[PDB]
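Here is the naming used below: chain letters follow the sequence lines, and residue numbers restart at 1 for every chain.
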Amino acid sequence: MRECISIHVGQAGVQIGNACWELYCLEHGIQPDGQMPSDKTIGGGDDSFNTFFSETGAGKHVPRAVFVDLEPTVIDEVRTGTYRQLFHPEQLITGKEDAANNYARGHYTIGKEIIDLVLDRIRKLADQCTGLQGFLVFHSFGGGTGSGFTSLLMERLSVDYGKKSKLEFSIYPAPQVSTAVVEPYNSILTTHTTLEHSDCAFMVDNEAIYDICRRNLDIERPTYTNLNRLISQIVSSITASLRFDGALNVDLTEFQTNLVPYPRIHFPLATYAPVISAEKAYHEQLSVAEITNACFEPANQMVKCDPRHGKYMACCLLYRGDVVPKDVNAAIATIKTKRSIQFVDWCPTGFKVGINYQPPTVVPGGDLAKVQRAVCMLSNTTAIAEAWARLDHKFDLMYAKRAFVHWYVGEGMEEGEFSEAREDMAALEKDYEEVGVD
Amino acid sequence: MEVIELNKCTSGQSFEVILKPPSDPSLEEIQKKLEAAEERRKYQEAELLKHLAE
Amino acid sequence: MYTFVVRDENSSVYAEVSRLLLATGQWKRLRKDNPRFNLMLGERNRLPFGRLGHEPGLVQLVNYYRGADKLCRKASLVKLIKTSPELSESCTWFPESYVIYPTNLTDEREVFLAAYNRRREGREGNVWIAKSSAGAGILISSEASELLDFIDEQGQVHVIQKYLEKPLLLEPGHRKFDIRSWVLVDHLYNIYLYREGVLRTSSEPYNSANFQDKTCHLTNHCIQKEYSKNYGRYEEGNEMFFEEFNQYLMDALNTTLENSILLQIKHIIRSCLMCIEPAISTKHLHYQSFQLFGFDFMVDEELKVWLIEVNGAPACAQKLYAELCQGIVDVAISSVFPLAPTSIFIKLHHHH
Amino acid sequence: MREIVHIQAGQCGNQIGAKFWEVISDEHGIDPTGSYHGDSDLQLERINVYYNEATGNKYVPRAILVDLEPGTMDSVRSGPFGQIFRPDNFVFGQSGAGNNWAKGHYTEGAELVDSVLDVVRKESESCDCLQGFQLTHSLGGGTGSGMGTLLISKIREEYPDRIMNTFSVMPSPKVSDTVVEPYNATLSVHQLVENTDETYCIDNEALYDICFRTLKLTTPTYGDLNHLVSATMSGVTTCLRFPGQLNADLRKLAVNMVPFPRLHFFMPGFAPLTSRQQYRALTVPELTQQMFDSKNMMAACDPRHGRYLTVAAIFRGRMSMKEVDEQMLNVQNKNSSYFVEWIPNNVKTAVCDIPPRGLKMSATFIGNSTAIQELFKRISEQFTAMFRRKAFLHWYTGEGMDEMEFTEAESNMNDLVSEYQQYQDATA
Ligand SMILES: Nc1nc2c(ncn2[C@@H]2O[C@H](COP(=O)(O)OP(=O)(O)OP(=O)(O)O)[C@@H](O)[C@H]2O)c(=O)[nH]1
Ligand SMILES: Nc1ncnc2c1ncn2[C@@H]1O[C@H](COP(=O)(O)OP(=O)(O)CP(=O)(O)O)[C@@H](O)[C@H]1O
Ligand SMILES: Nc1nc2c(ncn2[C@@H]2O[C@H](COP(=O)(O)OP(=O)(O)O)[C@@H](O)[C@H]2O)c(=O)[nH]1
Ligand SMILES: COc1ccc(NC(=O)CN)cc1
Ligand SMILES: [Ca+2]
Ligand SMILES: [Ca+2]
Ligand SMILES: [Ca+2]
Ligand SMILES: [Mg+2]
Ligand SMILES: [Mg+2]
Ligand SMILES: [Mg+2]
C-alpha cells in the first residue's frame, strides 16, 4: 500500500475537494465522524482505501488532504460543515486576504509569505506515509490563488519530492460561471510555470459541466454545488483505481505510462456517461454499448472539442457497475466501424479497460440518478488543443493593448513573463499540430 | 482484436485490447525569483512615497 | 436582429449572400474580428473552427464543413475512394487514379506502372493526365515516362488518372465539355441539388491526335477564353445551360438530361457526401455547419457519367448568382435563423 | 472581516453620506440607535464591512464626518440617524472653505487634516483586515473637493497598499452654487486621476434631469438629488454588504473594472426609477433595458458616444437568474459595437436575493465607458473659458497657489481625455 496526498488550492480546489471527500466517504462506507464499521483493522491497515485515508488509534479514518486558501470564507464551510470531524485543524490553512484574481499576487506577493507553512503541513502528512506515491492537486486556472499559488507549490514540490508524481485537476475558465476578465492571463501564466512540473493534468472546462447540468439534469441555472457534485463523480471515476482492489492505474506512475507517451502533451480528455436526472420519472438503463458509444459524443466531454479531427495517443475505459469484458469489446468493435478514431503511428491502436463492479455512488439529495453502469473514458487527443487555442486567442486580444497588465507588474512581476509564458503556449500548440496533423 | 493481461479480483477486472500494433529550478533559484519581485514592489512603493513626500 | 461576419472578401457567392442578408433589414454585419456573431462567412484556409460555438447565448453557424477538404483535395479524394468501403476501389464512376509523390520528397508509383504496362501490352488506349491542386499546370500524355518526369520537376503532390479518350462531343463542333453541379448541404445534412447546372464547353474541335494543344481537351473557362480562338461562337461564354443541353439530348440522342445523366449525377453526389457524413457532421456539435459544393463531371460517348473533382469554394454562373444565392439564404441560413415555391433545389433523401 | 473605512467631507459629502448610512442601516436592520431589529441572518452576515460592534450588541458605522464649518454636521447629528454615529468621529472646523479648493487643500484644510487622520488611524487599528477606504464628496466646493483630495493623498501615504474609492459629485452650471466650480473640479480630478483606484462620477445635472424629466419633480432640491445617490450607493455596495456566489472585494472589483490605472472613472446607474403606476411589477427584460438606457445613468454621458471597457451589473431580489443571464446576453449581442472587442467577456453580472426597501427587484449598473470623456470635456471647457482671462484666480493666488498649478491640472485632465479617445478608436 502506497499513499496519495490530495492538495486543494483556492476556492475551486477547496469546494471541489469537499465534494470529492464527501463522495469518497459514501463510497468507502465512512461516516462523517470518521468511523468505518467495515474496517476490521482498528487504528491501522494497508488496504486499498488507506492510500487516501489514514487511521487513528480511535478508529477515525482521516483524509490525506490539505486545504489551502488565501482567504478563509471557503474553508470555514469545511470547518463547520457536515464533515468537520474528518479533518483536524492543521489540515485546513487559510490566509486573511486573497490574491484578487491576480496571478502575480498569489504567486509572488502572498505566495512568498505562506509557501513555507504549506510545505510544513504537507511534510506532516508525508511523515505518516510508509511509501508516498505523489500528489493530486486540485485548483482553478482563473483564480489568483488557484493559478498563482499552485504553480509556486508545484515548483517546491518538485524540489522537496523529486521522485514523486504529480497529477492536476484544473478548472478551465468559462464565462458563464466567471466574473474575472483576466482569467486568460492567469491560465497561461500558471500553465507556463507548471508545465514542466505536472506529470498528468485533467482539465475540466466549466462550460462543459455547465451544459451537461442544463442539458441532462434540467438545471436552468446551475450553481457551484451542482457543478462540483458532477465534477467529483468524474474525479472519483479517475481515482477509483488507487482506492480499490484492481490492476489498472494502481499507482500515479501508471497514469503517466498509460496516458502520456510525450511528456509535454499530458492533458488527457475526460468523457463521462451516463448523466441522468434524478427528478426523472424513471430512466431506461443504458447498455455497455450505449454508454461506451456516448464516450465519443462531444456533449459528454469535460472539454468541448472535436476528436474526429485529432489523433489519439492513448485511451483508457474506466467502467463502474454491471460490466463484463465481453460486452466492452463487443461495443468497441461496433464503434471502430462507425467512428473516426485515428491513432498516431508511433502508438498502438488499443484500449486499456478497467471495470469495477461497484456502480457509481450518488450523494442523497443530489441531482444525479442512480445508474447500474457508467464509464469514464480518458483519451489523449490532439483535439484538446482547441482549448489552448481559444484561451491563447483571448490572451492575445488583451495583451496587444496591455490591458490589466499594470496589476501584475504592480505585484513585482516583470512584463516579460507575459510573453515568456505566451511563447511557451505557442510551442505547446506547435507540438500538438506536429503530432496530430499531416 | 486481442485481449491481453486480464486480471480478475473480487471487486472487478481489467484487461488490454490491442486492435493494431504501432508503425527544474532549485530551492535557491526560487528564492531569487520571489525576492526579486519583492524588491521590485519595495522600489515601486518607495517611488510612491518619494512622490508623496515631495 | 441576427449578426454575421465576413472573412473571405474574395468570395463572389457570399458577397451576394452578404448583400442579401443586409437587404432583409434583419441581419447586421460586424467587423471580421468581433466574436459575437450568429453567422460566419469564413476564410477558405485555416478557418478557426475550434473557436466556434463557445459564446453563451449565441447559436453560431458557419459556411464550411470542417473536414470537407478530404473530398475537395485532388490527392485526398483519390485516397478516400480507394480506402472507403462505401466507395471501394472498384468504384465505377471515378476514373482510375493514383497518387504520385515527386521523388524529391503512401506513394503509388509502382502500382501505377503495373496497370500502365498492362494497357500498353493489351493494345488498349493508354493516355493519362497529370494534375495537382497547386495548378491554375496540367500535362496530358500517352507515355508514362513523360508524366512521371513532369511531377519530379515540381515540388508538390500530383495525381495521374485515366484521360477519357471517348468524351461525349456536342454537334456541331465535335467539341468536349464538362458539367458543373452546385450542391448545398445544410446543418441537418440534407443534400440539396440546384436544379440549374452549367456545361463549360470547349469552343475547339476535339482532336485525339494532339494532346499538346490543351485547348480542345481542357474545358476550363480560363483556358477557353485565353488560348482558344472560337470562344463565344456556339454558346455565350462557352456555357450551355440545362435547358439547351436537354433539348440537344432529345433532338440528337432521343433521351433526356434526367435519364441519361442526371440520375447518375444524383447518385454520385449522394455516395460522396453520405460517405463522409460521420466525419464532418455537426449534428451533436456545439456549432452548426453548412457548405456549398461544386461537383465537376465528365460524360463519355456511352452516356456514362464520371466524377472529375469536387470544389469546396466554388463560384457560380453569372446568370445564376441571384437565384442560387437566395436559395442559400432560404434553406441554409433562414432555416436556422428564421426571419420575421416550389424550391429551386432537389432534395436527395437518404438514411441518416 | 474585510473592513471598509468610510469618510464624508464637506456639505455635499456629509448630506449624501448621511442618507447613505440611512439607507443601508434600514437594509441591515439597524435602527437609529444602532440596535439590530432585522429578521434574516443575511443582514448580519457581512455587517462588519461597514459597521463596528460595540457593547450591548450595538452596531456603530465605521464612518468619519469631516467639515471645515459646523453647520452641515450639526444637521446630521440632529437628523434621523444622527445618533448612530460615533461622537468622536465628528471632526470639524469653524472658518469654512468659501467654496475654495485652495482653502481645503493648503490653508484651512491643512490645519485640520492631522486630527482627521488620527480618527482614521484609530478606526484602522481595530480592523482585523482593512479592505480600504471610500470617500463621498463633491468636486465643486472647497472642503469636500480641496480637503477631500488632501485626505486621499495623506491616506495613500500611510496606507499605500489599501484600495481608495470615492463617490464624487461633478458640478454642472445648471445645478451650480458658485462660478468657481470648474476651477475646483479640475484641481480635484488631477488628484483623483493619480490617487484613487475607483471613482463613481455622479453628475448633478444627470441627477437633476432624472428628477425633472423622469421622476416628474417640478422643482428638484438637493434632498431629491441625494435620494438618487443614496439608492445608487446602496446598489454598488450590495456586493460588499451581503453574501452570495460573488466574492466582492474592493481589490478584486478594481482588477476586473480597471484595465488601465488612470481610467478608473465609472458611470453608475439604477433601475427602476418610477414616478408616483409605482406599484407595477418590473420584469427582468424591463430591468435590463432601463438599466442600460442613458436616462437611467448619472454621469450625464451618453454611452452611445463611446465604448464600454468593462461593465458590472447587480440584480437584487427574487427573480429568474436564468432570465437574467438571457437578458444580459441579449443586450450585448444586440449592441456589440459599444463594447471593446479586445477585452473578452467584459460584462459581469451579480445577483442578490435581498431587494432594496419597497422594491420587488432592482438593478444597479457600473460602467467603465470611454464616453465619460465628455464629462471631463465639459469641465475642461468651462475651466479654460475663465482661466484664459484669469477670472476669479485671486481667491486662489491669495491662498499661496500659483497659476502654474492650474496649468498642470488642466493638462492632466486633457491628457486623460486623450486616453479615453485612443481606446475608443482601438481595434483588435
Ligand atoms: N467548477 C467550479 N469552478 C469554480 C468553483 N469555484 C470557483 N470556480 C472557478 O474558478 C475561477 C475563479 O477562481 P477561484 O478559484 O474562485 O479563485 P481563487 O483560487 O480562490 O483565488 P483568489 O483570486 O485569491 O480568490 C472561475 O473561473 C470560477 O468559475 C467551484 O466551486 N466549482
Ligand atoms: N481524366 C480526365 N479525362 C478527361 N478530361 C479531363 C480529365 N481530367 C481533367 N479533364 C479536363 O480538365 C478539366 C477540369 O480540370 P480540373 O478540374 O482537374 O482542374 P481544376 O480543378 O484546376 C479546374 P476547376 O476546379 O475549375 O474544375 C475538365 O474540363 C476536363 O475536360
Ligand atoms: N447632489 C448634491 N450635490 C450638492 C449638495 N450640496 C452641494 N452640492 C454640490 O456640491 C458643490 C458645492 O460643494 P459643497 O459640498 O457645498 O462645498 P464644501 O462644503 O466646501 O465641500 C456644488 O457643485 C453643488 O451643486 C447635495 O446635497 N447634493
Ligand atoms: C437642486 O439645486 C439647485 C441648485 C442650483 C440650481 N441652479 C443653478 O445652478 C443656476 N442655474 C438649480 C437647482
Ligand atoms: Ca484499517
Ligand atoms: Ca518533475
Ligand atoms: Ca487658522
Ligand atoms: Mg478565493
Ligand atoms: Mg479545382
Ligand atoms: Mg456649499
Side-chain angles (χ1 to χ4, degrees), chain A residues 99-109 141-142 144 147-148 173 180-193 390-426, chain B residues 36-37 40-41 43-45 47-48, chain C residues 31 33-35, chain D residues 163 193-194 196-198 251-266 306-311 339-348 367-370 372-373 412 415-428:
Chain A
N101 294 337
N102 183 341
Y103 171 96
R105 180 171 178 89
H107 181 97
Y108 295 93
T109 309
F141 275 175
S147 68
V181 195
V182 299
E183 289 187 62
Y185 285 169
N186 301 337
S187 297
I188 281 178
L189 294 175
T190 189
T191 294
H192 163 66
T193 70
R390 303 154 53 202
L391 212 43
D392 283 355
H393 181 76
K394 297 177 172 181
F395 186 101
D396 293 352
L397 285 179
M398 295 190 301
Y399 195 69
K401 311 288 183 293
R402 295 304 186 265
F404 302 96
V405 173
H406 68 278
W407 288 103
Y408 297 74
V409 177
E411 297 285 3
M413 201 176 84
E414 306 189 279
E415 205 185 62
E417 186 175 347
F418 271 98
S419 63
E420 186 188 56
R422 180 59 176 92
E423 301 179 9
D424 197 8
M425 296 302 305
Chain B
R40 280 183 297 267
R41 285 191 313 272
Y43 175 86
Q44 300 164 20
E45 178 178 297
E47 297 307 336
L48 174 60
Chain C
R31 289 198 238 85
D33 305 330
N34 187 337
Chain D
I163 296 294
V193 171
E194 304 277 292
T196 69
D197 294 296
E198 303 167 276
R251 190 179 305 274
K252 233 166 192 173
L253 166 63
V255 165
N256 290 312
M257 292 298 298
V258 183
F260 311 96
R262 288 168 55 93
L263 310 181
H264 58 269
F265 296 92
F266 303 152
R307 315 185 76 195
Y308 286 117
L309 300 174
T310 58
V311 174
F339 301 86
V340 303
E341 73 282 14
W342 40 271
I343 298 183
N345 313 111
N346 60 348
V347 186
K348 301 308 179 187
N368 181 356
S369 156
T370 78
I372 195 67
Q373 68 168 289
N412 198 20
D415 288 349
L416 188 73
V417 172
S418 289
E419 287 186 64
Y420 284 119
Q421 186 57 34
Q422 94 177 78
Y423 293 114
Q424 179 171 304
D425 306 334
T427 57

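- Rounded to the nearest 0.5 Å, atoms CD (A/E423) and OG (A/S419) are 5.0 Å apart.
- Using a 4.5 Å heavy-atom threshold, the side chains of A/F395 and A/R422 count as touching.
- Evaluation of the ring-ring contact (aromatic ring centres under 6.0 Å, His included) rule for D/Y420 yields no partner, not counting sequence neighbours.
- Under the side-chain hydrogen bond (donor to acceptor under 3.5 Å, both in side chains) criterion, A/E183 pairs with A/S178, not counting sequence neighbours.
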Go through A/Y108 and A/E411 one step at a time and tell me if the side chain to side chain contact (heavy atoms under 4.5 Å, CB included) criterion holds. CA-CA 7 Å; A/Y108 295 93; A/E411 297 285 3; 5.7 Å; no
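- Contacts of C/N34 classified as side-chain hydrogen bond (donor to acceptor under 3.5 Å, both in side chains), with partners at least two apart in sequence or in another chain: D/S336.
- Residue pairs meeting the salt bridge (charged side-chain N to carboxylate O under 4.0 Å, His left out) criterion with at least one member in residues 400-409 of chain A, sequence neighbours excluded, are A/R402-A/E415.
- Applying the side chain to side chain contact (heavy atoms under 4.5 Å, CB included) criterion to A/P184, with sequence neighbours excluded, gives A/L391, A/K394, A/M398.
- Proximity of a side-chain donor or acceptor of D/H264 to a complementary backbone N or O of D/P261 within less than 3.5 Å is detected.
- A distance-only check finds a donor-acceptor pair linking the side chain of B/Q44 to the backbone of A/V409 [under 3.5 Å].
- You'll find the side chain of D/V258 stays beyond 4.5 Å of the side chain of D/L253, heavy atoms only.
- Under the salt bridge (charged side-chain N to carboxylate O under 4.0 Å, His left out) criterion, the residue pairs touching residues 418-428 of chain D are D/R262-D/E419, with sequence neighbours excluded.
- For A/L189 against A/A421, the heavy-atom pair with the smallest separation is CD2-CB, 4.0 Å.
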Derivation and outcome, side chain to side chain contact (heavy atoms under 4.5 Å, CB included), residues A/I188 and A/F418: CA-CA 8 Å; A/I188 281 178; A/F418 271 98; over 6 Å; no
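- Listed by chain and number, the residues in a salt bridge (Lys or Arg N to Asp or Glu O under 4.0 Å) with B/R40 are A/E414 (sequence neighbours excluded).
- Every residue meeting the side chain to side chain contact (heavy atoms under 4.5 Å, CB included) condition with A/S147, not counting sequence neighbours, appears here in chain and number order: A/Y103, A/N186, A/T190.
- In this structure, the side chain of D/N368 does not engage the main chain of D/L309 through any donor-acceptor pair within 3.5 Å.
- For A/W407 (side chain) and A/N101 (main-chain N/O), no donor-acceptor pair under 3.5 Å exists by modelled atom type.
- We find the CD-CG distance between D/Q373 and D/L263 to be 10.5 Å, quoted to the nearest 0.5 Å.
- Side-chain atoms of A/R390 and A/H393, non-hydrogen and from C-beta on, never get closer than 4.5 Å to each other.
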Between D/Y423 and D/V340, does a side chain to side chain contact (heavy atoms under 4.5 Å, CB included) hold up when you go through it step by step? CA-CA 8 Å; D/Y423 293 114; D/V340 303; over 6 Å; no
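- The shortest non-hydrogen separation linking D/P344 to A/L397 is CG-CD1, 3.8 Å.
- Side chain of D/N256 to main chain of A/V181: a donor-acceptor pair is present (N/O by atom type, distance under 3.5 Å, no hydrogens or angles).
- Nearest heavy-atom pair, A/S187 versus A/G142, reported as atom, atom and distance to 0.1 Å: OG-N, 4.3 Å.
- Taking the six-membered ring where the residue is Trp, D/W342 and D/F260 present tilted rings, their angle falling between 30° and 60°.
- Interatomic distance, NZ of D/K252 versus CD1 of D/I163, reported as 13.0 Å (0.5 Å rounding).
- Residues meeting the side-chain hydrogen bond (donor to acceptor under 3.5 Å, both in side chains) test with A/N102, sequence neighbours left out: none.
- Every residue was checked against the side-chain hydrogen bond (donor to acceptor under 3.5 Å, both in side chains) condition with D/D197, not counting sequence neighbours, and none meets it.
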After noting the C-alpha distance and the side-chain angles of A/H107 and A/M413, does the key distance pass the side chain to side chain contact (heavy atoms under 4.5 Å, CB included) rule? CA-CA 9 Å; A/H107 181 97; A/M413 201 176 84; over 6 Å; no
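- For D/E341, the salt bridge (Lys or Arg N to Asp or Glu O under 4.0 Å) test picks out C/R31, D/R307, with sequence neighbours left out.
- Across every non-hydrogen atom of A/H192 and A/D424, the tightest pair is ND1-OD2, 2.9 Å.
- Residues meeting the ring-ring contact (aromatic ring centres under 6.0 Å, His included) test with D/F339, sequence neighbours left out: D/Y308.
- Annotation for A/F404 and A/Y185: closest pair CB-CE1, 4.1 Å, computed over non-hydrogen atoms.
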